[PDB]
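Each chain is listed here by its residues.
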There are 2 protein chains.
Amino acid sequence: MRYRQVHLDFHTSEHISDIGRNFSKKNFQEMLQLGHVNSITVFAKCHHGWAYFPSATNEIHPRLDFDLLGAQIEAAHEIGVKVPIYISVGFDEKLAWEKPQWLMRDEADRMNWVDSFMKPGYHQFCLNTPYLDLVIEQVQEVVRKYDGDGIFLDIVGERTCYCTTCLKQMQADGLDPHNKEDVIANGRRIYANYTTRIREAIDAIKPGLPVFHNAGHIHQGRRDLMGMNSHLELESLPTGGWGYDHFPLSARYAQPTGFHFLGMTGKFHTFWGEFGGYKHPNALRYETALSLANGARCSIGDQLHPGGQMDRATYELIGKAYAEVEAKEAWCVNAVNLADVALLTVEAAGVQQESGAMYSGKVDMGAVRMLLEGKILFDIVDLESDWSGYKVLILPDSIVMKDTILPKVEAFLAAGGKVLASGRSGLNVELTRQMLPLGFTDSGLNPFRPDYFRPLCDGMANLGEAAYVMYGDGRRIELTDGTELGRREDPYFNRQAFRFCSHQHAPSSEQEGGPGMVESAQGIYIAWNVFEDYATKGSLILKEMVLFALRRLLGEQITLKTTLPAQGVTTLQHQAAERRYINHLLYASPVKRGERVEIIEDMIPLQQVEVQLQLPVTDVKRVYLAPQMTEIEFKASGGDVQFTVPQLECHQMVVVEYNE
Amino acid sequence: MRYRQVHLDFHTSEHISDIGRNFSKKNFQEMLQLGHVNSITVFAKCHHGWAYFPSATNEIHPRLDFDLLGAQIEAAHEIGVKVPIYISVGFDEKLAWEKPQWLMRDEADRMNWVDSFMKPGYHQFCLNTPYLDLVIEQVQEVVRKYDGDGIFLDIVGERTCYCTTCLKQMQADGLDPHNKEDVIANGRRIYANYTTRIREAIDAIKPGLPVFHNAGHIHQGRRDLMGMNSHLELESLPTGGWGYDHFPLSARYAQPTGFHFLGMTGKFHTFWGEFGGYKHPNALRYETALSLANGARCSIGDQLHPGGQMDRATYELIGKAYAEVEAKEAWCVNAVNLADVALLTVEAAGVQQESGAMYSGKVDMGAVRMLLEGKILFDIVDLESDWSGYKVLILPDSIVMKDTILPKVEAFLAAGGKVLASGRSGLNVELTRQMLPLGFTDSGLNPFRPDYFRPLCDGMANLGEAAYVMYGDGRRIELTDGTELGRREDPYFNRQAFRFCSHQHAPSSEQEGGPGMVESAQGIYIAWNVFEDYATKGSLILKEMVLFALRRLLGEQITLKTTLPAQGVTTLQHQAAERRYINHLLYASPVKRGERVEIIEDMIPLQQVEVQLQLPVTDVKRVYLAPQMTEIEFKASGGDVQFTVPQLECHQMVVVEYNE
Ligand SMILES: [Zn+2]
Ligand SMILES: [Zn+2]
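Residues numbered from 1 in each chain as written, not as in the entry; some residues may be left out. Chains lettered and ligands numbered in written order. Part of a larger assembly, values for the part shown. Heavy atoms only, no water.

(A) Representation of the pairing of strand β2 (residues 39–45) of chain B in the model. Residue and element names in this part refer to chain B. The element β2 is largely enclosed, with a buried count of seven among its seven residues. Sheet topology places strand β1 (residues 4–9) next to β2; three bridges connect them, and they run parallel. The residue of β2 that forms the bridge with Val-6 is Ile-40. After leaving β1, the chain enters helix α1 (residues 25–34) and then returns to the sheet as β2, a path that is right-handed. (Buried < 20%, exposed > 50% of the residue type's maximum accessible area, 1.4 Å probe, protein only. Helix = DSSP H or I, 4+ residues; strand = E, 2+ residues; numbered from the N terminus. Pairing = 2+ DSSP bridges. Right-handed = clockwise from strand over helix to strand, strands pointing away.)

What follows is the structure, encoded as structure tokens:
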């Protein structure tokens, strides 16, 4: 899987003329070279529904006079650039106008994404209709006729559809359209039927041609949906609707599954379709680095001007990131993540949470923020993952012990694992009893919110002893055999009519309300929804409480310590074949501009970044900066090594060579 | 005016007992010393309406047994700490329950801030009622009986009120309550009558006792409202509702007026009343530094626990900022700002704008962001300011040439000033004709939005030649005697039903649409609302266009150039008495946590920050880091000096000593 990809959008209105008139093999090749691009996904069929080749199963764009798809594959292949081919599935707008009977409908007869033809935008087809047969024919034609390096199928996933075809079919199969569960399950079958028919059609022509089905998100805990692809493309524009948490939450779930996967961002300031929109180079330098460090290849979105001329400014911008990716690839191929901590996301565990961004939940964003800022080495796991390689399992806020979860947690604890649990985590489904041996009994929903946490151990809060406000829902708890690491204090009263103090919550009554943080032999419990609190209010104390509990659980076994500050990111990747570890160190700080877009313009050097590793190896040979190939001083005793990076700009890889 | 103030909130419910029971002279003094506090505003009367002294004109808090106000003034005065005294005016909640007839009403009979007594919160009194007489009595009592260092009067400003008293009075004075203008003007008289009665009552007891009337914002272009105070306190919690633009927009307007003024932030993570809420020290280190650099003293908000014990964690946190302010004060007293650029805010010019934060407009935030990120030395000016000392006047987006503005702009241009204007700036009120000699004629509202700007000069856009998307409303214009610095390109069409291309706007038609940026002898015009665009979308090209035009207008006369990166702030302040300039250099990067709060945890050193100054002095004696008192190498030729700061952490002052 190539590291330096471009996703070249070509959603082009029938009402624009002279399509491709300014295309040239020379221009296409010069700009790929300016961008250091080694793969470019080009269009066979766009959202408007047109083919960019003289098609027999679809209509060519009515203002295109030549085989643009063919010319692009030839131009790229002649300079060693691979060319996966894009087909819009969910959208075919020129067919939408002829076959509205095949479009998705909600319960109230509404189309998506746009609810009429009297407004601009696209109308999604239902794959439970004969539109599926037309899609297979069109996919078959492209796979037969063109020497592409794979197929990208867009606007697909499990839907809920109430179109005439779906309502008749559900009634004939004895399903109830008024039962939401029935319609969700119908849509699971409809989607699986589509991906099964695509794999069979393609395997009858070019066996093992790569296929990716784009839903815009990799749904966690769904191995069936991931397995319908040959590889994963994580569409994740941090300035385009996804936010900056979405990529690490996805990548740290993807890498341990064994799938090859890329992070796809955009060249655009905002989102897809932003003609004339440009990030600063430093944004793409950091975003590509963060893909490499997490075990991913890179894609950068672009849209080709209707005239077919590739934009110089764009490939200048892509090249500033991709020249650096070229020099580092060698240290990223076949890499496996070393992690101390398994995070079972609320999403992976199949439990309801508050949305905090388009495809991320608030508990999950809370936890990932603390893990990244805390330099904890982690993977994200689901109920199918093997937990036994992880020292600590995090159960954030809402992991109730249902039939599908408790046995796997009990087995992890029996085998010597430790758990960090917060809030409802560990409760039975009924929320009446704590089922994990964490050293306390549950006395029910805490009856004050907000309330206070007082640390009872030194080195937890940077400012020391105080009553710190907790905004999360709490559990009142009673110590049994556990050790108290901090306590709950009640406010004088809850903010209410006739009883309120100042602008917000009442101050602390300074009356003890039982323990707030409890340590036992098998881990640490925090009596508040602290992870959702950190994604909502962002109080620093929430992170300090969690990172204190994790550092205590990991003790002397912690694999990494560093002075890399909070906004920085680190990973420790293993190239076994090459008998080396790669410590990835990054520092960039997105900053809010416009109303809410978080952007990167500055890239500030750090100096004298100290790392202490604890590798499961016998003898450390040497330590060097890649790709500079600059030895640095280190001190090693067995697999325990310490070093200092003189200077870090954006991203620095530090290679530790060993003897096993 | 002291540099190290605390605003000690004490809004305390009647339903909390043992008020002040844990107060002690020793605790109050220890915590002031831990915090390096040299002034603390303490409460005589809170929002709940209680006195904190045995009052004859108001009721003491019913659970307070001793003169808390008296004890606090004595404890502070005995260690050389000044004590201004706080009186809630707008709120007296225990009186609200007895005299609801004196409360403000809107057109629909609604109270503010909270629209019933069956919900928690405060109910604002109307100062057009006999409540004003009770306020004067209570202010008189506090000024007679207590040795305070000033009065802070809270919840006041110009209102619009439709209470029974106001409606009767308006009808009797021949005003029309259904005419909004009439009610606004009534409220201007009501507020002026309140501040006039306060100054006369206080001057009859302690002539020239400091008074500040808090509206939460200094309204720009209103010298009458500023002049009702002895000094200005800019309430500006960047994590508490105000945002990070509000302080520089206010401070760079305040300093050149001659008022002594402070920046008031909070110790809290969020806003006032956040018991148990704590920022990281680095946030207050930066925020206090930014006050010093802009010519302001510092206040940090706190709220005293009802028990009267000052919180150790809080005064640890305040001390980490205030120890550093103590060492730097010497270089901030009697300082005057050196600026190349006058920014006439939309607010100062009295013109409508889109709100972009609680008390800042989008055009004004756009402009301040570009000036700070661009290291342009600036003041904010109104129609009463003297413009003649400024090389460049900025007219952002919407400064139409009404009777109150055009003569002052024509006089500034005649005297050799240059203007940067955008969008509607310079148009007549009718928006049919450009009234400034900027080298083009106006051909009306541009009929495409969005559209494109192509730079025609090198060194404008970091990625070079391209069509960059402009989202702001445009003016189509026609070159006459001006020079074109870039052009407008039309899209194929506007996004509409039946005509749309891809997800957003149509790509560039590459058809010239007239000039977009025009240079003349007297300045530069940009044919888009670029400042509102930068506060909405945040496209980097918008800043690059503006800073290119400003650098061109200033040419060789630019007073400062630096490698301090974009997120950094610089000012050049003049201590005339001490025959030195102070170059202030800051780097901190607030980062979004929770849902939207922008916080500071990291403080990253910068290295080898280069500055070139052009001072109007003959001979530079020396250059040193204060307060370290460390000489640095420099090269001077007349008033032209260059130096390099080895290391900058948070804030560094660089002192340039001269001979005139
Ligand atoms: Zn359907
Ligand atoms: Zn009134």
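From this point, the narrative continues.
(B) Looking closely at the coordination of the zinc ion (ligand 1). Residue and element names in this part refer to chain A. Bound to the zinc ion (ligand 1) are the protein donor atoms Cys-126 (SG), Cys-161 (SG), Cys-163 (SG) and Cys-166 (SG), situated 2.3 to 2.4 Å from the metal. Geometry at the zinc ion (ligand 1) is tetrahedral, judged from the four donor atoms that bind it and their angles of 102 to 119° at the metal. Counting the intervening residues between successive donors of the zinc ion (ligand 1) yields the motif C-x34-C-x1-C-x2-C. With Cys-126 in the loop between α3 (93–96) and α4 (131–145) and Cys-163 in the loop between β4 (151–154) and α5 (164–172), the pair connects residues that are 37 residues apart, well separated along the chain. The same class applies to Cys-126 as to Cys-163, namely buried. (Donors = N, O, S within 2.8 Å, 3.2 Å for Na, K, Ca; no water. Tetrahedral: all angles 85-135°; square planar, octahedral: opposite > 155°, others 65-115°.)

(C) Region of the structure containing the packing of helix α9 (residues 281–293) of chain B against helix α10 (residues 312–328) of chain B. Residues and elements named next belong to chain B. At a closest axis distance of 8 Å, the pairing of α9 and α10 adopts a crossing angle of 30°. Viewed along their axes, α9 and α10 adopt a mutual orientation that is roughly parallel. With respect to the hand of their crossing, α9 and α10 are arranged in right-handed fashion. Here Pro-281, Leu-284, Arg-285, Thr-288, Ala-289 and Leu-292 of α9 come into contact with α10, specifically with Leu-317, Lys-320, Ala-321, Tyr-322, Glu-324, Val-325 and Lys-328. (Axes fitted to C-alpha atoms, helices over the stretch in contact; angles between N-to-C directions. Parallel < 35°, antiparallel > 145°, perpendicular 65-115°, else oblique. Left-handed = near helix turned anticlockwise from the far one by under 90°. Contact = heavy atoms within 4.5 Å.)

(D) The sheet that holds strand β24 (residues 569–575) of chain A, seen in detail. Residues and elements named next belong to chain A. Spatially, the six strands line up as an open sheet ordered β9-β24-β25-β33-β29-β30, and their pairing is antiparallel. Two strands in the sheet have a free side with no partner beyond their single neighbour: β9 (336–337) and β30 (630–631). Bridge analysis of β9 against β24 gives two bridges, and the strand direction is antiparallel. Its bridge partner lying in β24, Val-336 is registered against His-574. Those strands touched by helix α9 (residues 281–293) are β24, β25 (580–586) and β33 (651–659), and its axis lies near 150° from that of β25.

(E) Representation of the sheet that holds strand β23 (residues 560–562) of chain A. Residue and element names in this part refer to chain A. Pairing is antiparallel in the open sheet, where four strands are placed in the order β23-β28-β32-β31. Strands at the two margins of the open sheet, each flanked by one partner only, are β23 and β31 (634–637). Each neighbouring strand pair of the sheet contributes to a mean axis angle of 20°, computed without reference to strand direction. Bridge analysis of β23 against strand β28 (residues 606–614) gives three bridges, and the strand direction is antiparallel. Counterpart to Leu-560 in the pairing with β28 is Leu-613.

(F) Up close: the pairing of strand β6 (residues 232–235) of chain A. Residues and elements named next belong to chain A. The two faces of β6 match: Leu-232 and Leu-234 on one face and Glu-233 and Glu-235 on the other face are all buried. Direction of pairing for β6 relative to strand β7 (residues 261–266): parallel, over a ladder of four bridges. Bridged to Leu-234 within β7 is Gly-263. On the question of chirality, the crossover connecting β6 to the parallel β7 by way of helix α8 (residues 246–254) is right-handed.

(G) Inspection of the interface of chain B and chain A at higher detail. With 95 residues of chain B at the contact, the number on the chain A side is 95 residues. With both chains or domains summed, chain B and chain A bury close to 7700 Å², and 55% of this area falls on carbon and sulfur atoms. (Buried area = accessible area lost by both parts, 1.4 Å probe.)

(H) Inspection of the relation of the copies chain B and chain A at higher detail. Its rotation angle being 180°, the transformation that places chain B on chain A also includes 0.0 Å of axial translation and leaves an RMSD of 0.0 Å. In symmetry terms, the pair is related by a two-fold rotation axis. When C-alpha distances to the rotation axis are compared across chain B, the minimum falls at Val591(B), with a value of 3.0 Å. The share of interface residues of chain B whose copies in chain A are also at the interface is 100%, consistent with both copies meeting through the same surface. (Least-squares fit on C-alpha atoms.)

(I) Representation of the coordination of the zinc ion (ligand 2). All names here are of chain B. The zinc ion (ligand 2) binds to the protein through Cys-126 (SG), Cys-161 (SG), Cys-163 (SG) and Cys-166 (SG); the donor distances cover 2.3 to 2.4 Å. Considering all four donor atoms around the zinc ion (ligand 2), the spread of angles at the metal, 102 to 119°, places the coordination shape in the tetrahedral class. Between consecutive donor residues of the zinc ion (ligand 2), the sequence gaps follow C-x34-C-x1-C-x2-C. Accessibility classification places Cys-161 together with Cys-166 in one group, the buried group.

(J) How the structure looks around a nonpolar patch on the surface. Taken together, the side chains of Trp97(A), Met118(A) and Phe498(B) define a hydrophobic patch exposed on the protein surface, amounting to about 400 Å² of accessible area. Summarising the element assignment, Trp97(A) is placed in the loop between α3 and α4. (Patch = residues over 30% accessible without salt bridge, like charges linked within 9 Å, V, L, I, M, F, W, Y side chains within 5 Å. Areas by Shrake-Rupley, 256 points an atom, 1.4 Å probe, with all protein chains shown as cover. Salt bridge = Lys/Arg side-chain N within 4 Å of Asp/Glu carboxyl O.)

(K) Geometry of the nonpolar core. One finds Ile40(A) and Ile40(B) to be the most contacted residues of the largest nonpolar core, which totals 385 residues. Sequence-distant contacts of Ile40(A), defined by excluding residues within four places in its chain, comprise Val6(A), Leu8(A), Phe28(A), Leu32(A), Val81(A), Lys82(A), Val83(A), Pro84(A), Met310(A) and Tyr315(A). Counting 52 residues, the second largest nonpolar core, distinct from the first, contains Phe643(A), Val645(A), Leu560(B) and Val654(B). (Core = buried A, V, L, I, M, F, W, Y, C linked by side-chain atoms within 4.5 Å.)

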